[PDB]
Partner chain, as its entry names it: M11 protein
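Quick heads-up: it's one chain on its own, the form deposited without its partner chain, in structure tokens.
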């Protein structure tokens, strides 16, 4: 009973979370997951500020109201070569990664590793936070509040 969460640097508090190495998070699971990090789904303006501080990914993820990819450098296989906060318009499917926003994080780029999941609750799952530099933090718990996500 294991969940792997890959997390990025934070940019003005905004960060990306990928679950189990594939697009696997529903909109309800995304909110619960950010809540486990004492975080919320970013607003579009919080995401635009993060982008301006250096944030970019090549993965779709939820924000409040939309599914997006923040892009700085044009890349033909990331958001069809677009720059800015790219908004997904048409998709058949419902599961993506997520973005989260922690208001207590530093104001600009924070590429230190994440060593805690402070607001998870009691549960049976081994949850492992995986940083890009390979450092890991694990704890037994749960963060999903909707049965249809479990």
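Under this definition, the rigid core comprises the largest set of C-alpha atoms superposing within 1.5 Å between the forms. Positions refer to the first chain, counted from 1. Shifts are known only where both forms have a C-alpha.
One more form of this protein exists, namely the form deposited with its partner chain bound; it is left out here, but the text below deals with it.
J.: If contact means a heavy atom within 4.5 Å, which one of 29 to 37, 47 to 55, 98 to 106, 85 to 93 is the stretch that engages its partner chain in the deposited bound form?
T.: That would be 85 to 93.
J.: Is its partner chain in the deposited bound form near all of 111, 135 and 137, within 4.5 Å of a heavy atom of each?
T.: Result no, not one residue of the spot touches its partner chain.
J.: Spell out, yes or no, whether the shortest heavy atom distance between residue 72 and its partner chain in the deposited bound form is within 4.5 Å.
T.: No, residue 72 is distant from the partner.
J.: May I ask you to state whether residue 43 is within 4.5 Å of its partner chain in the deposited bound form, using heavy atom distances?
T.: Residue-level check for residue 43: no, no contact with its partner chain.
J.: Is residue 81 one of the residues lying within 4.5 Å of its partner chain in the deposited bound form, judged by heavy atom distances?
T.: Heavy-atom contact with its partner chain at 4.5 Å: present for residue 81.
J.: Quick one: name the residues from 35 to 74 with any non-hydrogen atom within 4.5 angstroms of its partner chain in the deposited bound form.
T.: Just 60.
J.: Following rigid core alignment, is the displacement of the residue 104 C-alpha between the shown form and the other one equal to or greater than 2 angstroms?
T.: Comparing forms between the shown form and the other one, the residue 104 CA shifts below 2 Å.
J.: Given that the distance between the C-alpha atoms of residue 81 and residue 91 changes by 3 Å or more in the deposited bound form, do they end up closer or farther than here?
T.: The answer is farther, because the C-alphas of residue 81 and residue 91 separate from each other in the deposited bound form by 3 Å or more.
J.: Have a look at residue 92 and residue 62: in the deposited bound form, are their Cα atoms closer together or farther apart than in this form, given the change is 3 Å or more?
T.: Closer together, which means the C-alphas of residue 92 and residue 62 are at least 3 Å nearer in the deposited bound form.
J.: Taking the rigid core as reference, which runs of at least three consecutive residues show Cα movement of 2 Å or more between the shown form and the other one?
T.: Only one moving run appears between the shown form and the other one, namely 89 to 93.
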